[PDB]
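Structure, as structure tokens:
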Amino acid sequence: XXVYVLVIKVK
Amino acid sequence: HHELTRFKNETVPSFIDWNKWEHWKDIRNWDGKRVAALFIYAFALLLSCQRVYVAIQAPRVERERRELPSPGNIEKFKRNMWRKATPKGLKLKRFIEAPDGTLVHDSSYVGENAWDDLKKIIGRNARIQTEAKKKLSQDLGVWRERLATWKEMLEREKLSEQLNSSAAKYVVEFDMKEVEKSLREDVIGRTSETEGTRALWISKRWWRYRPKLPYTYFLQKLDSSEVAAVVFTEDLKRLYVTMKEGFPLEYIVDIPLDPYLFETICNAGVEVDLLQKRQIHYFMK
Amino acid sequence: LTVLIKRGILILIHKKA
Amino acid sequence: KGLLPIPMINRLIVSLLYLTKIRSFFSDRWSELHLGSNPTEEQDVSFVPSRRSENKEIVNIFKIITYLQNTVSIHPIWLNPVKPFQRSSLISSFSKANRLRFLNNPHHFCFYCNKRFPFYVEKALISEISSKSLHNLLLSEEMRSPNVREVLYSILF
Amino acid sequence: XXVXXXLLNXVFXXXXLXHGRXXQXXXXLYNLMXXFX
Amino acid sequence: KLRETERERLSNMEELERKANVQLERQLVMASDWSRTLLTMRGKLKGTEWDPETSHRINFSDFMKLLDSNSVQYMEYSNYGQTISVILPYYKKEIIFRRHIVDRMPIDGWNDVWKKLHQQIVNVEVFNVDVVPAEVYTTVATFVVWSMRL
Amino acid sequence: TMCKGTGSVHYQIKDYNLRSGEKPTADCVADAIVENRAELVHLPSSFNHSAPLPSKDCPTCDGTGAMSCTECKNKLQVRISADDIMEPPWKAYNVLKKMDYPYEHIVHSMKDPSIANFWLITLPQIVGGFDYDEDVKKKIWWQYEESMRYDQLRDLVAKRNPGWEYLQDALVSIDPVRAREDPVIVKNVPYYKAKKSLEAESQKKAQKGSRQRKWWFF
Amino acid sequence: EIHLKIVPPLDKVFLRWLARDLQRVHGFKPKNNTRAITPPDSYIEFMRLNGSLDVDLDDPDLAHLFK
Amino acid sequence: XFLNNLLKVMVXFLXXXX
Amino acid sequence: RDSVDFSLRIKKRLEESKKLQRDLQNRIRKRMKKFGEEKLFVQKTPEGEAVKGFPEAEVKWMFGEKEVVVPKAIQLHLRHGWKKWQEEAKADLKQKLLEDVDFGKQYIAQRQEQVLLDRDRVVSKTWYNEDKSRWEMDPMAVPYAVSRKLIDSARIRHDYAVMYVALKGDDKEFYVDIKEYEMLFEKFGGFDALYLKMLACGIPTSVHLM
Ligand SMILES: [Zn+2]
């Protein structure tokens with residue numbers, strides 16, 4: 001898939 | 001093709017005018033075609049759900065039928081391997097895709113807490129085969145079951161880590177105090193003796209034969225932190241690379257003008273310079 | 001390579017021949 | 001430096017904030033970032049390491065080639081599971097995920113064997129004032145250096 | 001929810017984005033434009 | 001105490017082998033290029049994607065739609081974007097590839113076009129042909145050809 | 001720009017000169033279209049509508065997607081300069097000046113307090129060797145927090161929490177141009193609401209089917 | 001001394017859009033029978049930072065007359 | 001012209017020879 | 001129950017905004033019907049050229065043979081109150097510094113120090129060109145001096161290519177180029193906005209034929 005740094009996922 | 005034009009002009013906008021929701025939301029005047037389209041959507045949803053269910057389930061049944069020195073030492077060895085691989089403070093998560101549509105957080109991948117805190121030395125060398133290992137151990141004068149079970153358990157963890165990477169998503173996080181220290185260390189402290197000896201040396205040894213290389217491999221090796229410098233020609237239509245190791249060191253890569261070129265030239269962290277020709281060479285031509 | 005269509009039109013083209 | 005806007009200064013911040021989405025009528029922040037900051041913190045090149053480097057490589061190539069030809073043949077007919085994040089420093093890998101997310105393709109340069117590659121690896125002054133006033137150059141519509149003027153004058157001659 | 005005490009008064013379009021002039025400057029400029037009206 | 005000598009020997013052996021690894025990678029890339037340019041002239045690779053044949057022209061909007069439809073995976077680039085071309089497979093089975101030169105790619109779609117191109121593309125091809133040897137060819141060639149007619 | 005380069009612009013009938021004694025049906029409108037007694041107008045595909053209108057070719061570019069420079073005239077289409085032979089620095093710099101170095105790879109990643117601290121403050125202070133005034137730092141922080149309103153509201157409206165249409169109208173009120181293209185915002189609210197209810201009952205009947213399909217082989 | 005022009009050689013469209021947005025935001029409408037609304041702490045802080053809150057010390061009515 | 005008289009009072013001294 | 005409550009507060013303030021817009025539209029209709037008849041229409045853009053980033057489908061309003069512009073409704077009502085409390089706070093601080101003596105002196109000393117710092121900062125980027133034997137300044141900080149209102153007078157060569165700018169309290173006529181200012185701030189208004197913010201501030205300007 002892709003790198004999903006927390007600003008994408010956590011917030 | 002004659003009917004398809006009118007099909008676009010007067011059927012599908014009229015369809016969405018019938019599919020306009022001022023009539024749809026009122027259930028008391030649902031037309032027969034309206035509930036017919038409702039049933040069509042229901043049947044399509046059922047078919048798609050059943051198909052994706054069986055398609056997800058089938059390889060799991062396939063692998064089920066195909067299938068049918070403490071663990072702390074394993075954790076420490078995986079920790080050591082990951083500390084060898086990537087720098088400190090970068091924590092990388094394997095956030096696993098469930099079949100249902102949710103995102104499951106496992107807590108056993110070594111990419112998270114590896115950073116968190118006469119036979120051991122030799123046994124930690126898996127890049128070299130056990131044949132030369134036992135050959136040089138007989139040159140030392142020093143157990144085959146333990147090496148056998150090391151091999152078995154590394155095969156097990158290799159298979160499990162291969163299976164975990166079929167459908168997963170990944171999350172980085174840096175160590176902004178450590179990363180800012182690295183910026184102060186390697187951006188401000190990179191004091192190589194090679195300050196400006198790149199473009200001039202090419203201008204002297206132009207008589208060398210530098211072979212050709214493609215754009216995409218130039219990108220794929222520039223990103224890799226394998227190249228020592230990048231050189232721009234004054235017409236911006238040739239670019240003479242100068243890496244750190246290879247035969248030859250320098251080549252010629254012909255270039256398309258796009259910004260992502262310059263973006264990866266930046267993010268790789270390579271030496272950027274432009275050769276300046278004189279003002280006669282464009283009058284000699 | 002820079003072919004000239006009449007009414008003064010300059011068109012850049014591919015390599016050669 | 002106009003080619004690669006990350007400097008490896010304040011124009012970066014200005015393009016980060018203000019340029020990103022009519023009049024917008026505010027250039028004062030540019031100058032406020034410019035002068036609202038005060039600094040408080042051998043022309044002789046050496047080709048010696050360059051020559052010694054190619055000397056090292058030409059030395060190493062012979063033994064590496066002997067081992068390679070002892071190992072490999074070519075016939076006529078773990079680490080991070082994300083390739084960029086290996087042997088890249090902290091600040092180099094910092095913005096790496098930022099480019100990985102939007103553009104996903106590395107192009108993964110590995111494959112060789114097509115019809116073009118049947119080989120296979122095997123591993124083992126009265127009017128002068130009026131003239132001054134008359135000239136209608138108020139529409140410039142130019143949009144370099146006087147040295148370019150000299151070289152272009154030579155080209156014209 | 002912590003900034004939302006001001007956000008409910010900050011949802012009013014973009015009012016802190018067009019204020020860089022005093023009233024007098026605005027009036028001066030206004031009378032210095034053309035007299036079409 | 002002598003196991004550190006073993007560690008150093010293994011490190012040196014790993015250095016040698018990974019030197020050889022990257023060196024063989026370069027070996028394969030230059031040998032691949034040499035075999036490519038050797039097979040190009042003989043015509044044994046005629047018709048494939050490495051020697052395509054001309055076809056009808058195309059517009060910007062058709063290129064945009066084929067970009068939405070993920071057909072574009074090979075290009076031919078030259079001259080700062082004023083002349084470009086693309087290559088398409090077709091089904092005659094027999095899979096053949098044809099080149100189409102795009103017409104008047106206007107000014108400012110490229111940073112959006114390269115937004116999709118860079119994600120579909122596997123290999124771009126960039127041609128380097130300067131102006132001055134072409135012009136020398138024009139003058140000498142018209143001289144010799146018209147003297148041949150004479 | 002009037003078709004953005006896509007070319008498939010939407011079309012609409014604006015006014016209809018109906019005859020005295022008829023009803024505004026669809027076939028009468030089509031018959032007026034035959035004799036061109038209705039105002040046929042072009043709407044851009046840049047405007048996205050609730051009802052997809054007929055998308056045909058754009059007449060301003062004839063389907064190509066570009067307008068030729070009509071400011072250039074046939075009498076002055078040629079120059080006299082031998083600039084084309086000596087490839088200049090200024091042409092390359094100009095053709096690269098319209099490439100924008102697209103910054104989207106950092107703007108989206110910028111939405112983090114620590115990461116914003118780094119990129120906005122720490123990197124210029126380290127590279128430049130200067131130190132900011134407190135007014136400069138506070139104005140940077142204020143403009144940043146002011147800019148983060150739209151992404152905070154997008155995240156809050158993405159929860160599908162009850163009463164999300166009010167935050168949807170807040171999003172369409174704060175910034176028009178960006179809200180005209182955000183895929184989270186739905187054009188027709190009853191459309192999405194009743195389709196959601198219909199999908200719920202559809203997965204109910206799908207469960208019925210998938211549960212009575214397992215009671216016949218025994 | 002001081003001089004001006006009514007027809008300057010500047011760009012044409014920018015003046016039209018500036019005037020049109022000036023009409024769209026201001027128009028001519030004043031108001032007097034209105035009580036002032038309090039700004040939040042954010043607008044108040046920005047007004048503090050921009051320095052537009054300074055009392056009109058330039059006017060020699062009473063602010064500068066004693067000084 | 002309060003700023004003008006203020007600057008008249010507090011004239012400075014900068015070299016900047018370039 | 002807090003998020004739904006906040007969205008209901010948003011809803012009631014939006015309903016207030018729509019009521020405000022509707023009654024302002026009604027007031028505009030009642031005030032402007034004395035001239036002509038409304039001709040509301042979405043006139044299609046006659047330009048076909050605006051690639052400079054301007055919005056589309058401008059609305060031309062006719063009330064007879066005249067011109068009128070539709071304004072914003074709630075924004076004007078908020079701006080009136082905000083400027084009103086600006087005036088009230090300024091007047092309260094004025095009368096307060098009229099009451100006390102020490103705080104007014106401290107304030108005027110702070111103004112003195114800030115003006116000194118601003119002028120020093122704007123003269124930190126000057127130089128003397130001895131090839132032409134004149135004084136030149138970075139045009140980059142030329143707007144910044146305008147922000148403090150540091151400009152004395154403006155002398156303009158025609159074609160708008162070079163400005164000669166006077167400093168308040170100084171006898172020099174600094175030479176600044178405007179082609180470079182355009183090359184720097186073409187995205188931020190260019191010299192059009194520069195001359196416009198000379199004109200808005202009521203600075204003395206004059207054009208010459210050099
Ligand atoms: Zn068009």
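Residues in the structure tokens are numbered from 1 in each chain, the chains being A, B, ... in the order shown, and ligands are numbered from 1 in the order shown.
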*Go through the chains and note each residue within 10 Å of ligand 1, using only C-alpha atoms and all ligand atoms, then give the set as a list in words.*
residues 61 of chain F; 1, 2, 3, 4, 5, 6, 7, 8, 9, 44, 57, 58, 59, 60, 61, 62, 63, 64, 65, 66 and 67 of chain G
Using C-alpha atoms, can you export the residues from the last selection as a PDB file, in the first residue's frame?
```pdb
ATOM      1  CA  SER F  61      -8.054  15.495 -24.591  1.00  0.00           C
TER       2      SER F  61
ATOM      3  CA  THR G   1      -9.855  27.085 -19.649  1.00  0.00           C
ATOM      4  CA  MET G   2     -13.570  27.149 -20.498  1.00  0.00           C
ATOM      5  CA  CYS G   3     -13.379  23.357 -20.698  1.00  0.00           C
ATOM      6  CA  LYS G   4     -10.201  22.939 -18.534  1.00  0.00           C
ATOM      7  CA  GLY G   5      -8.857  20.679 -21.307  1.00  0.00           C
ATOM      8  CA  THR G   6     -11.256  17.803 -20.656  1.00  0.00           C
ATOM      9  CA  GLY G   7     -13.599  19.016 -23.405  1.00  0.00           C
ATOM     10  CA  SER G   8     -16.745  17.204 -22.208  1.00  0.00           C
ATOM     11  CA  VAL G   9     -18.640  20.345 -21.181  1.00  0.00           C
ATOM     12  CA  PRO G  44     -18.287  24.032 -17.732  1.00  0.00           C
ATOM     13  CA  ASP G  57     -17.390  18.643 -27.149  1.00  0.00           C
ATOM     14  CA  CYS G  58     -16.300  22.176 -26.294  1.00  0.00           C
ATOM     15  CA  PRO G  59     -16.757  24.496 -29.320  1.00  0.00           C
ATOM     16  CA  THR G  60     -14.037  26.927 -28.165  1.00  0.00           C
ATOM     17  CA  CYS G  61     -11.338  24.290 -28.769  1.00  0.00           C
ATOM     18  CA  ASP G  62     -13.130  21.760 -31.061  1.00  0.00           C
ATOM     19  CA  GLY G  63     -12.358  18.883 -28.688  1.00  0.00           C
ATOM     20  CA  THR G  64      -8.573  19.332 -28.719  1.00  0.00           C
ATOM     21  CA  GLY G  65      -8.500  21.046 -25.313  1.00  0.00           C
ATOM     22  CA  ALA G  66      -6.431  24.123 -26.247  1.00  0.00           C
ATOM     23  CA  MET G  67      -6.983  27.626 -27.638  1.00  0.00           C
TER      24      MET G  67
END
```
*asked:* Using only C-alpha atoms, which protein or nucleic acid residues come within 12 Å of residue 87 in chain G? Drop anything in the same chain fewer than 5 positions from it, and give the result as a PyMOL selection string.
replied: (chain B and resi 233-237+281-283+285) or (chain F and resi 79-80+130-132) or (chain G and resi 82+92-93)
Could you write those residues out with N, CA and C atoms, as a PDB file, in the first residue's frame?
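Result file result_0.pdb:
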```
ATOM      1  N   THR B 233      24.608  20.621 -16.947  1.00  0.00           N
ATOM      2  CA  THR B 233      25.184  21.257 -18.119  1.00  0.00           C
ATOM      3  C   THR B 233      24.468  22.589 -18.348  1.00  0.00           C
ATOM      4  N   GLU B 234      25.154  23.541 -18.982  1.00  0.00           N
ATOM      5  CA  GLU B 234      24.656  24.905 -19.086  1.00  0.00           C
ATOM      6  C   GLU B 234      23.466  25.061 -20.024  1.00  0.00           C
ATOM      7  N   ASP B 235      23.113  24.033 -20.797  1.00  0.00           N
ATOM      8  CA  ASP B 235      21.903  24.080 -21.608  1.00  0.00           C
ATOM      9  C   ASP B 235      20.780  23.269 -20.972  1.00  0.00           C
ATOM     10  N   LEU B 236      21.063  22.616 -19.843  1.00  0.00           N
ATOM     11  CA  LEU B 236      20.122  21.753 -19.125  1.00  0.00           C
ATOM     12  C   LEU B 236      19.519  20.689 -20.045  1.00  0.00           C
ATOM     13  N   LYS B 237      20.389  20.096 -20.866  1.00  0.00           N
ATOM     14  CA  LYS B 237      20.007  18.950 -21.679  1.00  0.00           C
ATOM     15  C   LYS B 237      20.974  17.781 -21.557  1.00  0.00           C
ATOM     16  N   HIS B 281      31.251  29.992 -26.730  1.00  0.00           N
ATOM     17  CA  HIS B 281      30.825  28.671 -27.181  1.00  0.00           C
ATOM     18  C   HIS B 281      29.432  28.680 -27.803  1.00  0.00           C
ATOM     19  N   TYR B 282      28.580  29.640 -27.440  1.00  0.00           N
ATOM     20  CA  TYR B 282      27.298  29.839 -28.098  1.00  0.00           C
ATOM     21  C   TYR B 282      27.385  30.825 -29.265  1.00  0.00           C
ATOM     22  N   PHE B 283      28.573  31.311 -29.579  1.00  0.00           N
ATOM     23  CA  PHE B 283      28.840  32.111 -30.772  1.00  0.00           C
ATOM     24  C   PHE B 283      29.698  31.351 -31.770  1.00  0.00           C
ATOM     25  N   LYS B 285      29.154  28.125 -32.206  1.00  0.00           N
ATOM     26  CA  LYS B 285      28.163  27.227 -32.798  1.00  0.00           C
ATOM     27  C   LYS B 285      27.529  27.827 -34.044  1.00  0.00           C
TER      28      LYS B 285
ATOM     29  N   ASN F  79      12.777  18.004 -27.015  1.00  0.00           N
ATOM     30  CA  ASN F  79      12.616  19.420 -27.372  1.00  0.00           C
ATOM     31  C   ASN F  79      11.708  20.177 -26.403  1.00  0.00           C
ATOM     32  N   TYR F  80      11.946  19.997 -25.101  1.00  0.00           N
ATOM     33  CA  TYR F  80      11.272  20.742 -24.033  1.00  0.00           C
ATOM     34  C   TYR F  80       9.750  20.630 -24.096  1.00  0.00           C
ATOM     35  N   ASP F 130      21.168  17.615 -31.397  1.00  0.00           N
ATOM     36  CA  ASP F 130      21.434  19.046 -31.389  1.00  0.00           C
ATOM     37  C   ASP F 130      21.041  19.677 -32.719  1.00  0.00           C
ATOM     38  N   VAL F 131      21.252  20.986 -32.815  1.00  0.00           N
ATOM     39  CA  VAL F 131      20.816  21.734 -33.990  1.00  0.00           C
ATOM     40  C   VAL F 131      21.930  21.871 -35.022  1.00  0.00           C
ATOM     41  N   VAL F 132      23.138  22.235 -34.598  1.00  0.00           N
ATOM     42  CA  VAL F 132      24.242  22.517 -35.518  1.00  0.00           C
ATOM     43  C   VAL F 132      24.653  21.342 -36.413  1.00  0.00           C
TER      44      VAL F 132
ATOM     45  N   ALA G  82      18.649  34.641 -34.670  1.00  0.00           N
ATOM     46  CA  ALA G  82      19.272  33.321 -34.675  1.00  0.00           C
ATOM     47  C   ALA G  82      19.506  32.866 -33.234  1.00  0.00           C
ATOM     48  N   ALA G  92      15.337  27.903 -21.294  1.00  0.00           N
ATOM     49  CA  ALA G  92      15.217  26.765 -20.388  1.00  0.00           C
ATOM     50  C   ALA G  92      14.678  27.200 -19.031  1.00  0.00           C
ATOM     51  N   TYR G  93      15.179  28.324 -18.509  1.00  0.00           N
ATOM     52  CA  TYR G  93      14.703  28.806 -17.217  1.00  0.00           C
ATOM     53  C   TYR G  93      13.236  29.218 -17.301  1.00  0.00           C
TER      54      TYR G  93
END
```
*Two-atom distance - CA of residue 143 in chain B, CA of residue 79 in chain D (Å)*: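 Distance between the two atoms: 28.3 Å.
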Do you know which residues are at most 8 Å from residue 13 in chain E counting only C-alpha atoms, after dropping those on the same chain fewer than 4 positions away, and could you put them as a PDB file with N, CA, C and O atoms, in the first residue's frame?
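The new file out-v9.pdb reads:
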```
ATOM      1  N   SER G 173     -19.324  27.478   3.272  1.00  0.00           N
ATOM      2  CA  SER G 173     -19.351  28.910   3.550  1.00  0.00           C
ATOM      3  C   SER G 173     -17.959  29.499   3.748  1.00  0.00           C
ATOM      4  O   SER G 173     -17.716  30.639   3.335  1.00  0.00           O
ATOM      5  N   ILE G 174     -17.045  28.761   4.385  1.00  0.00           N
ATOM      6  CA  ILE G 174     -15.746  29.344   4.726  1.00  0.00           C
ATOM      7  C   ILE G 174     -14.889  29.593   3.481  1.00  0.00           C
ATOM      8  O   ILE G 174     -14.221  30.630   3.384  1.00  0.00           O
ATOM      9  N   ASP G 175     -14.908  28.684   2.507  1.00  0.00           N
ATOM     10  CA  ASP G 175     -14.085  28.829   1.313  1.00  0.00           C
ATOM     11  C   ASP G 175     -14.814  28.220   0.121  1.00  0.00           C
ATOM     12  O   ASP G 175     -14.996  26.998   0.065  1.00  0.00           O
TER      13      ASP G 175
ATOM     14  N   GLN J  75     -20.909  40.007   6.621  1.00  0.00           N
ATOM     15  CA  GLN J  75     -19.535  40.477   6.759  1.00  0.00           C
ATOM     16  C   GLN J  75     -19.483  41.974   7.040  1.00  0.00           C
ATOM     17  O   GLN J  75     -18.693  42.430   7.875  1.00  0.00           O
TER      18      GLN J  75
END
```
*Which chain C residues are at most 10 Å from chain G (counting only C-alpha atoms), as a list in words?*
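Here they are: residues 2, 7, 8, 9 and 10 of chain C.
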*Provide as an NGL selection string the residues of chain F at most 12 Å from chain C, counting only C-alpha atoms.*
:F and (76-85 or 101-104 or 126-135 or 137-138 or 141)
Hey, could you make a per-residue contact list for chain G against chain J with 9 Å as the cut-off, showing the nearest pair of atoms and its distance in Å to one decimal, counting only C-alpha atoms, sorted by chain and number, as a tab-separated table?
```
residue	atom	partner	partner_atom	distance
G:1	CA	J:51	CA	7.2
G:2	CA	J:48	CA	7.5
G:161	CA	J:4	CA	7.8
G:162	CA	J:4	CA	6.5
G:163	CA	J:4	CA	6.0
G:164	CA	J:7	CA	7.2
G:165	CA	J:7	CA	8.5
G:166	CA	J:11	CA	5.6
G:167	CA	J:7	CA	6.5
G:169	CA	J:14	CA	8.5
G:170	CA	J:10	CA	7.6
G:177	CA	J:55	CA	8.8
```
Print the selection's residues with C-alpha atoms to a file, as a compact mmCIF listing (two decimals), in the first residue's frame.
```txt
# COMPACT_ATOMS: atom_id res chain seq x y z
CA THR G 1 -9.86 27.09 -19.65
CA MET G 2 -13.57 27.15 -20.50
CA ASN G 161 -21.64 12.39 13.12
CA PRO G 162 -25.35 13.33 13.40
CA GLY G 163 -26.01 16.87 12.27
CA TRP G 164 -23.09 16.87 9.82
CA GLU G 165 -24.97 18.89 7.18
CA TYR G 166 -24.49 22.00 9.33
CA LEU G 167 -20.72 21.51 9.26
CA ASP G 169 -22.66 24.20 5.01
CA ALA G 170 -19.94 25.66 7.23
CA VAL G 177 -13.46 27.36 -4.49
```
*Can you check which residues of chain J have any atom within 10 Å of chain D? Use only C-alpha atoms and format it as a PyMOL selection string.*
chain J and resi 52-55+118+121-122+124-125+140-147+158-161+179+182-183+185+187-190+193-194+197+208-210
Would you export the selected residues with C-alpha atoms as a compact mmCIF listing (two decimals), in the first residue's frame, please?
```txt
# COMPACT_ATOMS: atom_id res chain seq x y z
CA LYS J 52 -4.66 34.92 -14.42
CA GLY J 53 -6.75 33.15 -11.77
CA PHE J 54 -10.01 35.09 -11.61
CA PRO J 55 -13.37 33.44 -10.80
CA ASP J 118 12.23 50.36 12.11
CA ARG J 121 16.30 48.22 10.00
CA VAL J 122 15.28 49.91 6.75
CA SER J 124 20.61 48.57 7.28
CA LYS J 125 20.14 47.48 3.62
CA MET J 140 12.83 44.26 -1.22
CA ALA J 141 12.37 46.30 1.98
CA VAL J 142 10.84 49.28 0.13
CA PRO J 143 7.28 48.08 0.99
CA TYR J 144 8.41 47.57 4.59
CA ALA J 145 9.26 51.26 4.94
CA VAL J 146 5.76 51.93 3.60
CA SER J 147 4.30 49.80 6.40
CA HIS J 158 7.72 57.52 -16.82
CA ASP J 159 7.34 53.90 -18.05
CA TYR J 160 7.32 53.10 -14.26
CA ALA J 161 10.76 51.49 -14.48
CA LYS J 179 11.68 45.73 -12.90
CA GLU J 182 7.96 43.22 -10.45
CA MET J 183 10.16 40.12 -10.79
CA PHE J 185 6.22 40.48 -6.32
CA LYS J 187 2.38 37.11 -7.57
CA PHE J 188 1.78 39.75 -4.87
CA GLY J 189 0.48 42.66 -6.98
CA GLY J 190 3.64 43.95 -8.64
CA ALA J 193 -0.21 47.35 -5.92
CA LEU J 194 2.93 49.33 -5.00
CA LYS J 197 -0.51 51.70 -1.72
CA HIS J 208 8.71 63.33 -14.48
CA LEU J 209 10.08 62.95 -18.01
CA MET J 210 13.73 61.92 -17.70
```
*asked:* DSSP on the backbone: which residues in range 15-128 of chain G end up as strand (DSSP E or B)? Give the answer as a count of residues only.
replied: 10
*asked:* I'd like the contact shell of residue 124 in chain F - 10 Å cut-off, only C-alpha atoms, skipping same-chain residues fewer than 2 positions apart - returned as a VMD selection string.
replied: (chain B and resid 214 to 216 255 to 256) or (chain F and resid 73 to 77 86 117 to 118 121 to 122 126)
*asked:* Excluding range 21-25 of chain F and its own-chain neighbours fewer than 3 positions away, which residues fall within 12 Å of it when counting only C-alpha atoms? Please give them as a ChimeraX atom specification.
replied: /B:217,221,224,226,244-249 /D:57,60-62,64-65,67-69,71-74,109-112,121-123 /F:14-18,28-32
